[PDB]
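Visitor:
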Amino acid sequence: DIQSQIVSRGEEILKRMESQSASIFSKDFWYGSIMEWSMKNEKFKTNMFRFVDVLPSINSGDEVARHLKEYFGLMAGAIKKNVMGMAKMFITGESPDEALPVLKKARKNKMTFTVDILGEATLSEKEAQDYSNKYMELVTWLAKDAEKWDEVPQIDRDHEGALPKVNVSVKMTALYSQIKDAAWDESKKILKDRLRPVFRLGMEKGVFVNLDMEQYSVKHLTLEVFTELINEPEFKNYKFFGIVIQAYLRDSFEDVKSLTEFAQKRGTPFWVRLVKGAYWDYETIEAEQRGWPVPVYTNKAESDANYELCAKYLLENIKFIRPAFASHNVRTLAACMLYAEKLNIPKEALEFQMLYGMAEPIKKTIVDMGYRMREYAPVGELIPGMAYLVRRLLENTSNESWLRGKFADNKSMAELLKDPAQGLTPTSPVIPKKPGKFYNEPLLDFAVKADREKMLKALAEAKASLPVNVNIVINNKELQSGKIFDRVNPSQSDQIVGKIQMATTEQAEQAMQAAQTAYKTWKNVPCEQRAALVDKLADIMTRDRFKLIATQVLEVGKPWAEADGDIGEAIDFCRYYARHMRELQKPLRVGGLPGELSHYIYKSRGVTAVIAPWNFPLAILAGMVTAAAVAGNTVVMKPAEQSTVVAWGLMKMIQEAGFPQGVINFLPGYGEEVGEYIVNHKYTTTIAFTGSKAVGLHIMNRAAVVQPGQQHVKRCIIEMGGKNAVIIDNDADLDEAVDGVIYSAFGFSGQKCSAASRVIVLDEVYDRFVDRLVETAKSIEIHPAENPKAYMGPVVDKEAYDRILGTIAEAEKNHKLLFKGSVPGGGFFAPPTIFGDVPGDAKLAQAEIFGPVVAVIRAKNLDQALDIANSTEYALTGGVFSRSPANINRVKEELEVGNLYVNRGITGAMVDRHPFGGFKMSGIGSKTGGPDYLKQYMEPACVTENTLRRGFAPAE
Amino acid sequence: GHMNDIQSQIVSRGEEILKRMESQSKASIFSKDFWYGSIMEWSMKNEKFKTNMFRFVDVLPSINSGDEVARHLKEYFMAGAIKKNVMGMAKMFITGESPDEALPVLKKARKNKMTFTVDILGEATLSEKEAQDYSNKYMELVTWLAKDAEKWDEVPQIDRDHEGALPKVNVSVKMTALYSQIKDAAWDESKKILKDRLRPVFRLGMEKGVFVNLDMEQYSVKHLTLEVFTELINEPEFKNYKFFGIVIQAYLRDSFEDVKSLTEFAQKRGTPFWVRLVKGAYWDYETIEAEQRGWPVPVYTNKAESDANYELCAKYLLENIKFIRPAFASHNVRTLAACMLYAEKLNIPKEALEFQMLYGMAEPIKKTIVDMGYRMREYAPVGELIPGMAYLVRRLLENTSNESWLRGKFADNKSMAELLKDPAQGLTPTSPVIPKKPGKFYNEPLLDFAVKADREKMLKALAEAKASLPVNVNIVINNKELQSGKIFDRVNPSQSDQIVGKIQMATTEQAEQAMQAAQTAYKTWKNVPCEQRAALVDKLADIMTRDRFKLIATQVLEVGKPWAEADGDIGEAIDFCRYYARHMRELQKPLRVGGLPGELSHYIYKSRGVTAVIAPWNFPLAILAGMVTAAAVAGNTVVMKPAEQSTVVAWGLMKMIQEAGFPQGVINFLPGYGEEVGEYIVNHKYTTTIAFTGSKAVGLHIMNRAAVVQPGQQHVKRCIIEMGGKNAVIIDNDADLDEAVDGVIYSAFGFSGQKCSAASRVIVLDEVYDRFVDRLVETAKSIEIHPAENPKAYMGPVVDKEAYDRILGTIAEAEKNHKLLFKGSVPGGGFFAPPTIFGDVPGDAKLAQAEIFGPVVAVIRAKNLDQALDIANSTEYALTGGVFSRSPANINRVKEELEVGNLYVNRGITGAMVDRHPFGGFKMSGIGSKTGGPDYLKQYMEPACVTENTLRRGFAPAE
Ligand SMILES: *[C]/[C]=[C]/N1=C2[C]=C([C])C([C])=[C]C2=N([C][C]([O])[C]([O])[C]([O])[C]OP([O])(=O)OP([O])(=O)O[C][C]2O[C](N3[C]=NC4=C3N=[C]N=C4[N])[C]([O])[C]2[O])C2=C1C(=O)[N]C(=O)[N]2
Ligand SMILES: *[C]/[C]=[C]/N1=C2[C]=C([C])C([C])=[C]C2=N([C][C]([O])[C]([O])[C]([O])[C]OP([O])(=O)OP([O])(=O)O[C][C]2O[C](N3[C]=NC4=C3N=[C]N=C4[N])[C]([O])[C]2[O])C2=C1C(=O)[N]C(=O)[N]2
């Protein structure tokens, strides 16, 4: 019934399109030929779109020719003119001045506009303020010129009266650089505060203001910002505010119903610009990387059908809320028309929107049919304009593109116009897990209000339990020494979090004896049962997630999301090493000769001493302990005195999991006392130590000593830190580079063996990158870790505080200071600090600081950048931001690090994804979360059996 | 009829034979109305039962208590009952335990128109005492049986052929039972000794009118047996006697050529002799042995090939019956019927033929052949329960075989047409070459010194090596030869007044030049693609293969390695080359990890830097080559410091490395003193990795030095260390003593015990102590000690005068504390330390704890497996260990409780091969060294991860 009428209207529209005078897919222009070649070859598509992406960042003809050769001086004029020429198809002007006559020419053709100022990512508060100022000026200046405009009723009036002649679209995240979902209300208040002057200026000038919709991670926040703002009294009576809804989202119809109910309660209409959505590939990739549900439909017919249903619902409620239909899809457009006519809605009530330069024959047909047509009108600089051009290239060459089906794939009219609900196969947001494959634990989404509330509840309960009395635990019995160490809250140093019983060397001897006794039977516990215990530990960690986070927040100063990642990593180690042991338990047939069975197997070693750091207080400790234990060894663990409350929780979970007495023993105390004792003991077969270089070198000297009565060779598994650099190539995407460097350098206040402490920046890009880096570093917030708004918290203790401040003062005598942030008092808050033009051989660029202190180093070219990057004692992490295939390959082959990253930050290594560890003085034998690690806790062995007796051997 | 319808006439004869068989009242071995037949039915239906039942039968006569029989029964799946039942099956196939017991059986067979050939069953001849006893048994048998046969009446069907009278007494002799030290490399000496031991038996038989038949054993002695036999019976005193016989096995690929060759010889001899034509008894053994050795398979592997070759051989011998006399040994009615017809087409009278079958086998067929008027001779085994239960196992194996003709007839109910068809019809040949599975690693085959051409090349290579002495060895840095002026003279350890090498011993300044050359070279070598580095290592292996004999000779003369030990050394060196090259070709491939969209992540390996290689002398090419090629193929450069005792060997390695084409500085050759330049490269700031194999004392020192971070050192040193063992073999009460003694002798005295894997402790349970130790001592008395150049050497000298004096001092101290069971005699002129065995050594005694690295064994008593394991586990070391046992539960306990890195069950504990037995251990035996296995190459590398964000402008490429 109504479905047959929609098809009929689509047929009328396509017939009219046949009468128009060409299509963007035309292969007689550069844009069409680019697309055809891209659609024919997936490697060409990737290389072509990446080349276009980097092109406006290249500032010499030789460098354009070099990038051209790698991806596939007067070739720069030629190629760049053609490619920048394609951008002019989709960008109305480089500035409001250039765009104005284009906007007026469209008005003469019965099309209006909505202006959007293109920009790079807002990473700093300076950039946010500049974007806000651009919008204030645009609204004032365009409203002023429009005072002289004659009225064009098809575009300037609807069925109710006059419409604003000027319409601007605003990108919410461009207005504030420090959105933080864990600090939901504070972030929400700030966004409203930044949006309010723009909406107010627009209202005062009679301008339409549309708030765009960005990626899913800010979708819920944008809707709360928008509705709360336009419900304020000064705005409550203005109809000409709008919000975007993306029909490709699974929750979008629910938002449409919610916005409709809100419009009724508001008592004044506002507008919904209904789109399908711009971030589809991005959303599927992000959700899979995070192990989160996929927020978009993944069958395109679902998106089309939900768009049409959303359109129908809004039209049904047009008295309260006003839809505008943004789509180039003739099926979609025809469906909207019929749903409107079924309701006797007049043509002048509707509004259609299309991108400038897109779907010209369809655009003209809609106008000829009497409908109001509004063009999305981008304005901006060459660099964001080329990003925009790439998105057009990506959409138009998509396999699901309706326009591609019409103008390139020669699809039938029936296929183009069919009901998306027909033959509809639904998709699920849950990505199926491949059986046998390892998956990382998903991290918390603090945009979920229930998770913020559980976090605040877990923090309150932790605070009420202070101080935590921690006992020594040997053979599952709690012991005391009488020597108590007070561990204060590093964010508030007058509060005691833990009172730690510090063991004597006699108790360390008892721990050694208990582990050696237990090893006699634990080494014969079957692998599956050892693995099952490790699995139960991971389940307990999963159950107690919020309590575990709260302990790390308070005792170690780890910010909420850092603490959560620690718990996920701890769970990951458990599951990964349990999975690995289940594989390695199987004897490996070797040789394969008849008459002789020979198998390669692994054996446990004995008592393992575990000496763990504080900076990943649950994850690293748990990885060492579970790997050693699941391999059939027993464990004496000596946790860091700064994080012994965290380790105490681990011991309690180990006891609850059911590890037999003595298999794992909990030996808190001083490293120079009981740590030294278990390193030196004759029963210790394996030492796992992650910490400073000085202690590691000392441990390795001690472990080489064969103690009286020791009948084995000790093995050291050692990680000792880094002096890690990120290289910034001249053609780097500075949005990605600045964001990655900031988080790599200042995440957990730089207290990571993987932290970026060196940024090696090539000379041509130095000023632009360093200015954005400094302005972004000025914008990050430093708070007690308990405060969800903290980007950085404190460093671990007073000793580190004093040492770091000492390093900063020393460097100020030697190097140009670019930035030093302000920090709160009351705890060990070291300030984020950046020095510039630091020599590559300077002490600041050589010695590990483990604090929020960055050395920016200049390089003439990639040759010098690599030499500088390789010139330290360390070889742990390193990275490059580059859009040159040959430079990326040079970095891959020549940068001497154990974990190399291209075009992302250099921290956050995850189990299985990024096995972690390096060489030089960064360690030996420690590649955690990878397929070699567990074997370090074992001995290989070979069992060879002659099966031939009396001239006969059984077959295998 | 038709022209060339012989196959139809053979089928007809077979149909007559089977028809007559239906009229007999004789039992089949396959009848499930006996215990034997029911065992077989269950065995043919279930392979796990077949294995367990045959192994149980094997071990039963070695068990000496009722409780232990019940224990073995429970473990494999009533001692009087089971042993009585199993011994009953043995008496079906063994005429008697002694000649006296067998005599009435032989005479009863005669009354039923069948004659016999007597064979004395025995265990392996491992010692000269056992060889002498075997000889005496035959001399007594021949005299006594001939004497009793003087009173026998004549039975013409069996006592006459077509020419005249035949011997009434016929004995069969197993050649290797007469001598315990056959050594193919000393071919002529072994052949003379075998002939000397056979000669009195052949002579006594001839004097008594007795037929003497020489059996044919496994392929490794087939050619030797034929030379022994033909030369013996062509000697003046024997060349006129007709009643000697030799066995030919038609399942051998070369048997038709041997048949033709024996016929020519019979003509030249001028007096006939006999060929007993069989198919062959060692089929499974030969295919297993040849595959394990990488040698061509000497048997056909299609059973119809054996049948067809049998008939071809039979026709040829019949065609030449004037010169040589065939006897047809087979239970197969097709085979028998073909022989009958081939004889009839040649107008040969029936009385000229002779058919032979095993006692107790094929009763219905046997009786039918006799009724048809043919002469039938029964193979008549005589012997004790233990060899008799071995023989019963061979009968069970043959009768349950899928290819057995008797099984096809009496068990598988195959049609008469299938049973009688021409084996040549549609016959597809097999190849002696086993196809290599692609991508799989194979070990290099060792030389077969039974091949005369290979002995000649060995003697040629030794002559050329000796004429080149002394070898002047230079230091080689950056492919340039250097001298120091400090010369170390390395004497021939078999003849200590002869200098083999004059070695330039490097200075520390030259060690610095070696370190600098390696570090400079590392800068470019680390970027040579894996495939090209692996190809250089493959070329090195090819050069080693080409120069095999020259490389053996160097090890024989400089290190005292006996021929076969040195050959095994070259094979292991080639194996290291190919295995590490193969492994690097696998590890070059980046491993995708995580697999998330939008981010490529790969796990890879990197080289480490300059590698110091400090190699021992006891495997002078193999271990050194494995360290060097593993390091280099992984992308590292190398400074190698060879042992002063074996630098001429290592000099040969360096020359091959240069010839293979390794660029200058990638590998540097730094001879000298370990405490001088070895220490220097261990301590140097550029050295990233140290591979050392040697003594515990040096290993601990090196690990101590390597932990120091030197000035300018910006890395942590890795040590790859192997440090020796105090390795034990446990002898369970039920051990197969043939295997146990042989395995322990070679494990203890091979290369005079100078192996880290050598058995220096033998832990023997009390019940079997006296039997095992007596055979061990007697076998140890029989092995020969010679200069290594002599192919008859079982052991040669120890490495140098220091080791000699140290070892003789240990022997002298131990003689004051422990019972001396045996000390061998040794020649002079070199460092010949005697093989020495002490008995009842306490497990905690110094002799049973400190590694000696010499031919010195401590035999230790154990009350039970509990104490045996406790003693075995009580040392500083955990390298190799082994057990001889036929108890499944005891074998499992050793697997789970013996603390060693290389555990062996029912074989020797030395001879670890690349890929087959990855080698290395724990406690004080080493750390990080499991050579020739899938973890080893990674020790020379660093793991790394490369992670690339592929998402740009909201798009990422698919993989
Ligand atoms: C920021 C700015 C913006 N906006 C806008 C505005 C306007 C005026 C317009 C017109 C637009 C826009 N956007 C974009 C949109 O959304 C879209 O993307 C476009 O437009 C295109 O679409 P259409 O045309 O309708 O076409 P079609 O073809 O029909 O479709 C396409 C689509 O679909 C989907 N998909 C794909 N694939 C798939 C899907 N789904 C499911 N599944 C699958 N497989 C997607 O979506 C595509 O696209 C926008 C805006 C805003 O604001 N925001 C957003 O998001 N967007
Ligand atoms: C030392 C002792 C001995 N000898 C003898 C003597 C007599 C009188 C007789 C009768 C025998 C003998 N031996 C054994 C023989 O050789 C045989 O083995 C038996 O006998 C059996 O055969 P006959 O019966 O014919 O059956 P038949 O079934 O038809 O056949 C079987 C056979 O075949 C073969 N195979 C198996 N499988 C196979 C084969 N081939 C190839 N392929 C395959 N797969 C085998 O061979 C069997 O067996 C003897 C003797 C001597 O001296 N030596 C020897 O070696 N043997």
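First to last, the sequence lines map onto chains A and B.
Heads up: the first sequence is residues 3 to 23, 25 to 75, 98 to 981, going by the deposited numbering.
Heads up: the second sequence is residues -1 to 75, 100 to 981, going by the deposited numbering.
The C-beta atom is built at its ideal place from N, Cα and C for all residues, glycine as well.
(1) Taking the C-alpha atoms as reference points, what is the distance between B:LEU925 and B:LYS945?
(2) To the nearest angstrom, how far is the alpha carbon of B:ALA528 from that of B:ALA653?
(3) Roughly how many angstroms lie between the CA atoms of B:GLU341 and B:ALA374, to the nearest whole one?
(4) Can you name the residues that DSSP bridges to B:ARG347?
(5) For a minimum of 3 consecutive residues, which ranges assigned as the beta strand (DSSP E) are wholly contained in the segment 292 to 340 of chain B?
(6) Below 7 Å on C-beta distance, what does A:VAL731 contact in chain B?
(7) Quick check on the burial criterion: 16 or more other C-beta atoms within 10 angstroms. Buried or exposed for B:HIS70?
(8) Can the beta-carbon of A:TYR708 be found closer than 8 Å to that of A:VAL632?
(9) Which residue from B:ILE679, B:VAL670, B:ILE712, B:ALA713 puts its Cα closest to that of B:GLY694?
(10) Return the CA-CA distance between B:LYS190 and B:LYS135, expressed in angstroms with no decimal places.
(11) What is the DSSP secondary structure of B:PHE641, counted as helix, strand or coil?
(12) When you compare the CB of A:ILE833 with every CB in chain B, is at least one pair closer than 8 Å?
(13) Among residues of its own chain, excluding the 5 on either side of A:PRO492, which ones have a beta-carbon nearer than 7 Å to its beta-carbon?
(14) Does the contact criterion of 3 or more C-beta pairs under 8 Å hold for the segment 874 to 881 of chain B versus the segment 772 to 782 of chain B?
(15) Could you check where the beta strand (DSSP E) with B:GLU580 kicks off and where it finishes?
(16) Would B:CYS967 count as contacting chain A if we go by Cβ distances under 8 Å?
(17) Looking only at C-alpha atoms, which of A:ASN500, A:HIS245, A:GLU14, A:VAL916 sits nearest to A:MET394?
(18) Taking the alpha carbon of A:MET438 as the point to measure from, which residue in A:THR969, A:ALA934, A:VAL355 has its own alpha carbon closest?
(19) May I ask you to list, following chain order, the residues of the segment 609 to 631 of chain B that have a beta carbon less than 9 Å from some beta carbon of chain A?
(20) Would you kindly work out how many angstroms separate the C-alpha atoms of B:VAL786 and A:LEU618, rounded to a whole number?
(21) Starting from the beta carbon of A:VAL927, find every residue of chain B whose beta carbon is closer than 8 Å, and list them in chain order.
(22) Tell me the DSSP bridge mates of A:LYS628?
(23) For A:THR49 and A:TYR273, what's the separation of their Cα atoms in angstroms?
(24) Among A:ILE753, A:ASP280, A:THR858, which has the Cα closest to the Cα of A:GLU800?
(25) Compute every distance between the C-beta of A:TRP296 and the non-hydrogen atoms of ligand 1, then say whether any falls below 7 Å.
(26) Would you identify the three-state DSSP class for B:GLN447, choosing helix, strand or coil?
Guide: Let's see:
(1) The residue given as residue 925 of chain B occupies position 903 in the second sequence. The residue given as residue 945 of chain B occupies position 923 in the second sequence. Their backbone Cα atoms lie some 15 Å apart in a straight line.
(2) Residue numbering aside, residue 528 of chain B sits at position 506 when the second sequence is read from its first letter. Residue numbering aside, residue 653 of chain B sits at position 631 when the second sequence is read from its first letter. C-alpha separation (whole angstroms): 22 Å.
(3) Along the second sequence, read from residue 1 onward, the residue named residue 341 of chain B stands at position 319. Along the second sequence, read from residue 1 onward, the residue named residue 374 of chain B stands at position 352. Roughly 13 Å between the two C-alpha positions.
(4) Residue 347 of chain B sits at position 325 when you count from the first residue of the second sequence. B:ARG347 is bridged to B:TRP296.
(5) 296 to 300
(6) In the first sequence, counting from the first residue as 1, residue 731 of chain A sits at position 706. Under the 7 Å cutoff, chain B gives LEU722.
(7) Along the second sequence, read from residue 1 onward, the residue named residue 70 of chain B stands at position 72. Buried is the call here.
(8) Taking the first sequence and counting its residues from 1, one reaches residue 708 of chain A at position 683. Taking the first sequence and counting its residues from 1, one reaches residue 632 of chain A at position 607. Cβ atoms of A:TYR708 and A:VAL632: closer than 8 Å.
(9) As a position in the second sequence, residue 694 of chain B is number 672, starting the count at 1. B:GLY694 has its Cα closest to that of B:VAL670, out of B:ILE679, B:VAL670, B:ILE712, B:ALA713.
(10) Reading the second sequence from its first residue, position 168 is the one you call residue 190 of chain B. Reading the second sequence from its first residue, position 113 is the one you call residue 135 of chain B. Spanning the two alpha carbons is a distance of roughly 12 Å.
(11) The residue given as residue 641 of chain B occupies position 619 in the second sequence. Of the three classes helix, strand and coil, the one that applies to B:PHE641 here is coil, per DSSP.
(12) In the first sequence, counting from the first residue as 1, residue 833 of chain A sits at position 808. Closer than 8 Å: no.
(13) Numbered from 1 along the first sequence, position 467 holds the residue referred to as residue 492 of chain A. The answer, listed in chain order, is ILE521, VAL522, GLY523, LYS524.
(14) yes
(15) Here residue 580 of chain B is taken as the residue at index 558 of the second sequence, counted from 1. First-last for B:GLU580: 570 to 581, but that is the alpha helix (DSSP H), not the beta strand (DSSP E).
(16) Translated into positions along the second sequence, residue 967 of chain B becomes position 945. Output row for B:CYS967: interface = yes.
(17) Reading the first sequence from its first residue, position 369 is the one you call residue 394 of chain A. Checked all of A:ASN500, A:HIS245, A:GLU14, A:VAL916; the closest Cα to A:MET394 is A:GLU14.
(18) Here the question's residue 438 of chain A lines up with position 413 in the first sequence. Ranking the options by Cα distance to A:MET438, first place goes to A:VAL355.
(19) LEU613, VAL615, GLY616, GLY617, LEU618, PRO619, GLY620, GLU621, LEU622, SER623, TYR625, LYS628, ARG630
(20) Within the second sequence, numbered from 1, the residue matching residue 786 of chain B stands at position 764. Within the first sequence, numbered from 1, the residue matching residue 618 of chain A stands at position 593. B:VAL786 and A:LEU618: Cα-Cα distance of roughly 30 Å.
(21) Start at 1 with the first residue of the first sequence, and residue 927 of chain A comes out as number 902. Going along chain B in sequence order, the residues near A:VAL927 (Cβ under 8 Å) are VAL968, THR969, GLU970, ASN971.
(22) Along the first sequence, one-based indexing puts residue 628 of chain A at 603. In DSSP, A:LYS628 forms a bridge with A:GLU964.
(23) Along the first sequence, read from residue 1 onward, the residue named residue 49 of chain A stands at position 46. Along the first sequence, read from residue 1 onward, the residue named residue 273 of chain A stands at position 248. Cα to Cα, A:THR49 sits roughly 25 Å from A:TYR273.
(24) Against the first sequence, residue 800 of chain A aligns to sequence position 775. A:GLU800 has its Cα closest to that of A:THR858, out of A:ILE753, A:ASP280, A:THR858.
(25) Within the first sequence, numbered from 1, the residue matching residue 296 of chain A stands at position 271. Result no, Cβ not under 7 Å from ligand 1.
(26) For this step, residue 447 of chain B is matched to residue 425 along the second sequence. It is coil, neither helix nor strand.
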